[PDB]
Structures are given as structure tokens and as C-alpha cells.
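> quick one, structure for this:
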Amino acid sequence: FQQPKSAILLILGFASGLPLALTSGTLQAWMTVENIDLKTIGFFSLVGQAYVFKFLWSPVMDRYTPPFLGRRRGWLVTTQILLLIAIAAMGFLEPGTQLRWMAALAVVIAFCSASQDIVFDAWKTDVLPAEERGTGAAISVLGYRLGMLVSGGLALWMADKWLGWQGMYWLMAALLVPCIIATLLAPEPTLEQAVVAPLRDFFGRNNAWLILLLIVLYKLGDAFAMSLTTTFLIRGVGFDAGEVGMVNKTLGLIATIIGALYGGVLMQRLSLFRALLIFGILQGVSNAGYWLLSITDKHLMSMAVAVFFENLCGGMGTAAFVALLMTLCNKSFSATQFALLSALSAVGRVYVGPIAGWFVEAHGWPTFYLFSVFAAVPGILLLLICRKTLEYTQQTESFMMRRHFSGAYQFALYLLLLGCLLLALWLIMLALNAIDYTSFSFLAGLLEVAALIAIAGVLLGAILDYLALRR
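Numbers count the residues shown, from 1 in each chain. Coordinates below:
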């Protein structure tokens, strides 16, 4: 509905979808077209973690002083004006000779773009009454989807009309001028509660790691898929050079929206377990077909059909994941667990990036996607294991706080506690190879073995849930 507080929800939402594709899809397509190797492309999926560690910064924008303006109006300009510079300065840097400055800029793009969504979400919650909520939320998501396709298919195709990839990022700076103008045209309106408290409930529940792995491992197939999909459709098969964006993304986005609606339509007649399983199994067969393109290039329509089906069985299953997330949040502090669980669901998406790139080199393009169909099985296989623990949520909404102590819990978590610090400790070793300050020939030897041991602590910890679910 057209009203003075309607266009802002679309343009401001357009300011949130534009940078999301630029740090993930177009940058990947920028590296793919510029002959940047597959392994480094997968490492660039890590800069997408800024959108999933946004839960930490959400308290920050409130406690930290509002710069130059109100807390909600001013901070949105700050992340928009930073992006208008960051996106433009990104186009100044050329893949090939200069990636580290481009990579560092991508993180700042990622850091500010997630700040763009956080401040807008804070603005979307203060300005939207319950009566008008959803009406503006649908409008906001519509602009986000429009911004995704403008920075997705429209950006990639504009990169072929443009004599180079420089202009497409430069035009995003030009297209972000209305975003700031919309921000200043709009009349202006905790870490413990938002972050610390939800972890206690998720870690105090009897399900604990069984739901945690089920939350994480479910979209593993869709995480190994997608990801390098833009590189694949560009560097793998003849449907190359820009048509990927207008088909893999433009039709891919439409596939998710129609699928997500179907994920809210058939869920009425489908049990949550019977919906998560059927959509997850269909999610597994959805990844099949990416192997079909990787074998023989029959035609473009093979990508167009599969991209629809890939997102259809994924986006519709995404609604099943969203429904599952909603059944695991208490009414006491709902809408924060969903933010935390979805963000913490992407803790498992972190490992996908480097493994996605590393797998494609050693093992061929068909093998990685034939691995994807088996990659979603652990999410499904755990769902069948977690069938009983999802039944209590459907029957009577409650949480079992009895952890039983998991036998000897110090053998479960405290074993993996060092592993959490090991990622930061490994990052200290990461600078060593770049700057040659300290010689450690071990390098990644300790990171690989102990991280699985750290995961094994979750694995044996999740093993403790099933044996302790008897009591």
C-alpha cells in the first residue's frame, strides 16, 4: 500500500539486499571470471559469517553512542555511507594483482552490511505496530529480494553490458545514493538479554546438541550446494559469462519465494517431522542435478530447470527449518532464540566454505555435488534420530531442563572448550605464514586434528543426549 511510510521500507530494505549479494555472489563471480582459484573462492565464503555473527553487534548499536544523529536514523547512514564508499572502493581494486585489499574491503562491506540490517531491523521494530507489522515486513522483504536481484542477476548481466566488472560495483555506489536519501528523508522514531540468555536455554535443555546438530547439520547439503554454485555455473559448464546471475539468481530467488510459500502451505497438512523429513529428503535429491550439469552440458535449460528445483526443494525446506526453529523457542524470550538459533545454525556453515573450495580441486566438480546429496543425509539421519525429541514440542510445549549431567560432563564440553579458543589461536598462527614472523612448520596440523576432536566433544556430547534421554 502506497503511503509516506511505505517507500522507505522498500528503499531502506533495498539498502540491505544490495550488499548481501556483492560480498557473496558477485564477488565470487568477480573472482571466478578473473581466474581466481577455487580454494581462495571458498575462503571468501567466510566473509559471509558477518551476517551470521550479527547477533553480537545488535546490542552494540544500542549501547554505543548514536553518531551525528539519532540511534536509528544516524547509524543507518553510517553503514550506508560506508558501503557507498566500500562498494565503490571495491571496484577500484582489481582481482588478480590485488585481492587482500579487496578481501579486507569485503569484510568491511560485510561488517557494515550486517550493520545495515541490524539498524534497519531495530528501526523496523520501533516503527512497526503489531497491526501494521507484516504489511511492512512483506514490503521490506520485497525490497530485500529486489535488492538481491539488482545486486544478483541485474548486477551480473550489467557486468556483461559494462565493459568490465568495475562499473557494476560502481553503479551500486550510484544506486546507494537513494538509500541514504531515503534514510535522511525518514522521520526519526543488551548483550545479556539478546545473546547471553538464549544460549543458557538452548544449553540447559535436554535436547542440547541433538537439536544443535539437527539445527546445524540440516542445511549442510544446501550449504555445500549453493556456495560455489555461482563459480560452478561460470567456470564449470558452458552456461557461462553472466547468464548465471539472471538464471541462477534471478530465477533462483523466485524459486525460493514460491517454495517458501509452499513451505507455509503444505505445512498445514504435513507434520513437522513429516515435513522436515520430506523436504530434507527432497533437499537431498535437489542437490542431485547439479551433478547432472557437471557431467554433460545438454543445454542452458538444464541449469534453469535445476536452479528452480534446487532452490524450490531448498527454500521450501527452509520454511521447514524456520518452523523447527520456532518450536524450539520459549515464549519467555522468543524472537531472540530465533535470532540466536538461526545465527548459531550458521556456525556449521562456517566449515562449509573452506571445505567447499578444497573439495572441488582435489575431487572433481561432479564429486563435490555427488557429495552434497550425501552431505544433507547427516541432517536427515539425525532428524530420524531426533524424531522422539521433536514429538514433545508438538504434544506439549515445554523444555526439559534435566541434563542428567551427561554422565561426566567435564569429559564432554571441557574437552572441546580448548577447541573453541583454538580457532582464535589458529588465527594467531595464520598471520605467521603471511608475515614470516614466527616459523611453525605444523601450521594447520594441529587445527585439523583437534577441531574434529572439538567436534567429537560435540559428537560424544550429543552421544550423551541419546543415552541420557532415557532419564
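
> pretty sure residue 49 contacts residue 351?
No: Residue 49 lies out of contact with residue 351 (C-beta atoms under 8 Å); the separation is 10.8 Å. For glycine as for every other residue, the C-beta is placed from the backbone atoms N, C-alpha and C.

> out of these two, which sits in the more crowded spot?
residue 49 (18 against 15; other C-beta atoms under 10 Å).

> helix or strand for the closest residue to that one other than its chain neighbours, which one?
Leaving aside its sequence neighbours, residue 49 sits nearest to residue 350 (C-beta to C-beta, 6 or more residues apart in numbering; 5.7 Å). Using DSSP states H and E, residue 350 sits in helix 347-362.

> just to revisit the earlier point, any idea how far the residue nearest to residue 49 lies from residue 446?
18 Å (C-beta to C-beta, to the nearest Å).

> okay, these two: which has more neighbours?
Comparing residue 350 with residue 446 by other C-beta under 10 Å, the one with more neighbours is residue 350, at 17 against 14.

> which residues in the stretch 201-350 of the chain form helices?
Using DSSP state H, counting those that start in this stretch, the helices assigned to the stretch 201-350 of the chain run over residues 209-217, 220-224, 229-235, 243-244, 250-265, 272-287, 290-295, 301-327, 337-345, 347-362.

> TSV for these, including distance to residue 117?
Shown next, in TSV, are the helices of the stretch 201-350 of the chain (distance: least, C-beta to C-beta, whole Å):
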stretch	distance to residue 117
helix 209-217	21
helix 220-224	20
helix 229-235	22
helix 243-244	25
helix 250-265	17
helix 272-287	26
helix 290-295	29
helix 301-327	17
helix 337-345	11
helix 347-362	17
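
> domains for the protein, by residue range?
Domain assignment for the chain, taken from automatic domain parsing, gives 1-189, 191-401, 404-468.

> so residue 280 touches residue 381, yeah?
No: look at residue 280 against residue 381 with C-beta under 8 Å: they stay out of range, at 9.7 Å.

> which one of these two has more residues nearby?
With neighbours defined as other C-beta under 10 Å, residue 280 and residue 381 compare such that residue 280 has more, 25 against 13.

> ok, the closest residue to the more buried one other than its chain neighbours - contacts?
Closest residue to residue 280 apart from its sequence neighbours, by C-beta to C-beta, 6+ apart: residue 380 at 4.5 Å. Shown in contact with residue 380 (C-beta atoms under 8 Å, 6 or more residues apart in numbering): 218, 277, 280-281, 284.

> where do the helices sit along the stretch 351-471 of the chain?
Using DSSP H, counting those that start in this stretch, the helices of the stretch 351-471 of the chain run over 365-375, 377-385, 387-395, 413-435, 445-468.

> can I get the ones you listed in JSON lines with distance to residue 332?
Listed next are those as JSON lines, based on distance: least, C-beta to C-beta, whole Å:
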{"stretch": "helix 365-375", "distance to residue 332": "35"}
{"stretch": "helix 377-385", "distance to residue 332": "26"}
{"stretch": "helix 387-395", "distance to residue 332": "15"}
{"stretch": "helix 413-435", "distance to residue 332": "24"}
{"stretch": "helix 445-468", "distance to residue 332": "23"}
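
> out of these, which one sits most buried?
helix 365-375 (a mean of 20; mean count of other C-beta atoms under 10 Å).

> what packs against that one?
helix 220-224, helix 272-287, helix 290-295, helix 347-362 (3 or more C-beta pairs under 8 Å, 6 or more residues apart in numbering; DSSP states H and E).

> if we go to 10 Å?
Applying 3 or more C-beta pairs under 10 Å, 6 or more residues apart in numbering; DSSP states H and E, one finds that helix 365-375 contacts helix 220-224, helix 229-235, helix 272-287, helix 290-295, helix 347-362.

> any chance of the ones you listed in CSV, plus distance to residue 6?
Listed next are the helices and strands packed on helix 365-375 as CSV, based on distance: least, C-beta to C-beta, whole Å:
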stretch, distance to residue 6
helix 220-224, 33
helix 229-235, 33
helix 272-287, 34
helix 290-295, 39
helix 347-362, 34
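
> buried deepest among these, which one?
Comparing these by mean count of other C-beta under 10 Å gives helix 220-224 as most buried, with a mean of 26.

> quick one, phi/psi of residue 98?
phi -120, psi 110 (degrees, to the nearest 10).

> can you name the residues that contact it?
The contact partners of residue 98, taken as C-beta atoms under 10 Å, 6 or more residues apart in numbering, are 92, 105.

> about what we covered before: which of the helices and strands packed on helix 365-375 sits closest to residue 334?
Closest to residue 334 of those is helix 272-287 (C-beta to C-beta; 17.0 Å).

> next, the angle from that closest one to helix 365-375.
With axes from the mean of the first three to the mean of the last three C-alpha atoms, to 10 degrees applied, the angle from helix 272-287 to helix 365-375 works out at 170 degrees.

> so which elements touch helix 272-287?
Helix 272-287 packs on helix 220-224, helix 250-265, helix 301-327, helix 365-375, helix 377-385, helix 387-395, going by 3+ C-beta pairs under 10 Å, 6+ apart.

> so it versus helix 301-327, what angle?
Taking the same axes, to 10 degrees, one finds that helix 272-287 is oriented at 160 degrees with respect to helix 301-327.

> quick check: angle from helix 272-287 to helix 387-395?
Going by the same axes, to 10 degrees, helix 272-287 makes 130 degrees with helix 387-395.

> what angle sits between helix 272-287 and helix 250-265?
Going by the same axes, to 10 degrees, helix 272-287 makes 160 degrees with helix 250-265.

> let's see helix 272-287 as CSV, backbone CA atoms only.
Extracted C-alpha coordinates of helix 272-287, given in CSV (Å, rounded to 0.1, in the frame of the first residue of the first chain):
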residue,chain,number,x,y,z
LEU,A,272,6.7,-31.0,11.3
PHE,A,273,8.7,-34.2,11.4
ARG,A,274,7.0,-35.5,8.3
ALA,A,275,7.6,-32.1,6.7
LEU,A,276,11.2,-31.7,7.7
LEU,A,277,12.0,-35.2,6.5
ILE,A,278,10.1,-34.9,3.2
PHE,A,279,11.6,-31.5,2.5
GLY,A,280,15.1,-32.6,3.7
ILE,A,281,15.0,-35.7,1.6
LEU,A,282,13.8,-33.6,-1.3
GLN,A,283,16.6,-31.3,-0.4
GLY,A,284,19.0,-34.2,-0.8
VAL,A,285,17.7,-35.1,-4.3
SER,A,286,17.6,-31.3,-5.1
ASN,A,287,21.4,-31.3,-4.9
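
> off-centre distance for that helix?
19 Å (C-alpha atoms, centre = their mean, to the nearest Å).

> check stretch 156-167 too.
26 Å.

> is it true that residue 107 touches residue 51?
No: the criterion here is C-beta atoms under 10 Å, and residue 107 misses it with residue 51 at 11.5 Å.

> who touches both of those two?
residue 23.

> burial measure for residue 444, as a count.
Here the number of neighbours of residue 444 (other C-beta under 10 Å) works out to 13.
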